Each structure stands twice: as C-alpha cells, then as structure tokens.
C-alpha cells in the first residue's frame with residue numbers, strides 16, 4: 001500500500017553467449033541484474049532453421 | 001546361466017513392468033514424458049529419488 | 001550499482017601537468033573521476049579510497 005510492487009515470475013529456457021543461442025537450464029542471474037524486452041530480430045533468429053528444412057507453419 | 005539383459009527403451013510406461021523391475025542399475029538420459037519420469041522415479045532405489053529430479057534438465 | 005563493485009584504474013604515460021586537462025575534459029562531460037593529485041603533489045589516501053555508494057538514487061562517488 002505504501003508503494004506499488006509489480007512482480008513477474010519467469011522461467012529460464014535458454015542462454016545467449018554471443019550472436020547465437022544455447023538451450024538449457026540450471027543457470028542463475030545474480031540479483032539486481034537488468035531485465036529487458038526481446039527484440040523481434042532476436043526472436044526470429046530463433047525458430048528459424050537452414051533454408052533446406054524450413055516449413056513456414058504461420 | 002550366463003545371460004543378462006540391458007534394456008533400452010524410450011517409453012518405460014509401455015515396456016512390461018515385470019522386466020524393468022528386474023534391472024538393478026540404470027543409465028538415465030533426458031526424459032520428457034511425465035508418465036515415464038514418474039515410473040522411472042518409482043522404480044529407482046530410494047537413495048537416488050532426490051538426485052533423480054535432473055532427468056528433464058539433462059542435455 | 002550493486003554488481004559492478006570495482007572501479008577501473010587507467011594509467012597514462014604522460015606528465016603530471018597534462019592530467020588536469022583530462023580531468024577538466026571529464027568534468028565537462030559529467031563524469032566523476034579521482035586523480036589523486038592536488039597539483040604536482042600525490043596523496044596516497046585519496047587514490048586508494050573506495051567510493052561510497054547509495055543504492056537508492058543510483059549514486060557512486062567516482
């Protein structure tokens with residue numbers, strides 16, 4: 001009541017090392033680390049495979 | 001008589017329980033089906049139930 | 001402010017008189033640094049003092 005608290009519960013699913021993506025868990029960001037929104041290019045880099053086996057389901 | 005089994009399967013809930021229960025040691029890779037993980041938990045020795053929660057995470 | 005607890009130290013092969021210019025250029029851009037010199041004189045305690053932090057306003061001394 002004195003202040004407004006907004007708490008989100010999230011779940012680790014994978015880690016970026018650099019310009020690429022690893023899949024895994026058991027990885028812990030230290031407290032006070034910044035949290036961002038994912039950009040669309042970062043998202044569409046994932047969910048995309050080599051052009052020989054791409055099936056655009058929508 | 002000199003014959004042993006080393007069972008290999010992806011659906012432990014489908015393999016007959018009356019041989020899988022005969023296994024004494026286990027090589028457990030990643031499991032993603034909850035119905036299979038529950039079975040493998042219940043079949044494991046008691047000392048490994050606590051450490052067995054890694055199966056969905058092993059990669 | 002909480003995870004970056006170490007202050008970098010940059011050492012330049014220059015003269016003492018050329019360092020006031022850099023400190024002025026840093027001040028003009030609103031960057032807080034400590035030289036350890038009050039003019040041709042070096043103070044041991046000023047160089048090795050840990051900056052004071054206030055984690056409510058995002059303030060670190062230098």
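For neighbour counting, all protein chains shown are included, and Cβ atoms are generated from backbone atoms with ideal geometry for every residue, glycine included. Every number here is computed from the coordinates shown, using simple stated rules; none is lab data.
Of all residues in the range C:14-49, those being part of a loop (DSSP other than H, G, I, E, B) and either within 14 Å of another protein chain (Cβ to nearest Cβ) or loosely packed, with under 11 Cβ neighbours inside 10 Å (or both) number 10. Taking the range B:13-37 as the range and being closer than 25 Å to residue A:27 by Cα and out of contact with any helix residue (DSSP H, G or I) (no Cβ under 7 Å at 6 or more places or on another chain) as the test, the residues that pass are B:27, B:29, B:30, B:32, B:33, B:34, B:37. Among the residues of the range A:19-38, which ones are closer than 28 Å to residue B:32 by Cα and away from chain C (no Cβ under 14 Å)? The answer is A:20, A:21, A:22, A:23, A:24, A:25, A:26, A:27, A:38. The lone criterion from (1) loosely packed, with under 12 Cβ neighbours inside 10 Å; (2) within 14 Å of chain A (Cβ to nearest Cβ) left unmet by residue C:53 is number (1). Assessment of the range B:33-53 against the conditions (within 14 Å of chain A (Cβ to nearest Cβ), closer than 29 Å to residue A:14 by Cβ and exposed (fewer than 10 other Cβ atoms within 10 Å of the Cβ)) yields at least one matching residue.
Answer yes or no: is there a residue in the range A:40-49 that is more than 25 Å from residue C:5 (Cβ to Cβ), more than 17 Å from the chain's Cα centre (by Cα), away from chain C (no Cβ under 14 Å) and not in a loop (DSSP other than H, G, I, E, B). No, the range A:40-49 has no match at all. Scanning the range A:4-18 for residues that are farther than 14 Å from residue B:58 by Cα and either surrounded by 10 or more Cβ atoms within 10 Å (Cβ to Cβ) or more than 13 Å from every other protein chain (Cβ to nearest Cβ) (or both) returns A:4, A:5, A:6, A:7, A:8, A:9, A:10, A:12, A:15, A:16, A:17, A:18.
In summary, residue A:23 fulfils each of the numbered conditions (1) exposed (fewer than 10 other Cβ atoms within 10 Å of the Cβ); (2) in contact with a strand residue (DSSP E or B) (Cβ under 9 Å, 6 or more places away or on another chain); (3) under 29 Å from residue C:1 (Cβ atoms) with the single exception of condition (3).
State yes or no: is residue C:11 within 14 Å of another protein chain (Cβ to nearest Cβ), assigned to a loop (DSSP other than H, G, I, E, B) and either surrounded by fewer than 10 Cβ atoms within 10 Å (Cβ to Cβ) or in contact with a strand residue (DSSP E or B) (Cβ under 8 Å, 6 or more places away or on another chain) (or both)? No: the conditions fail for residue C:11.
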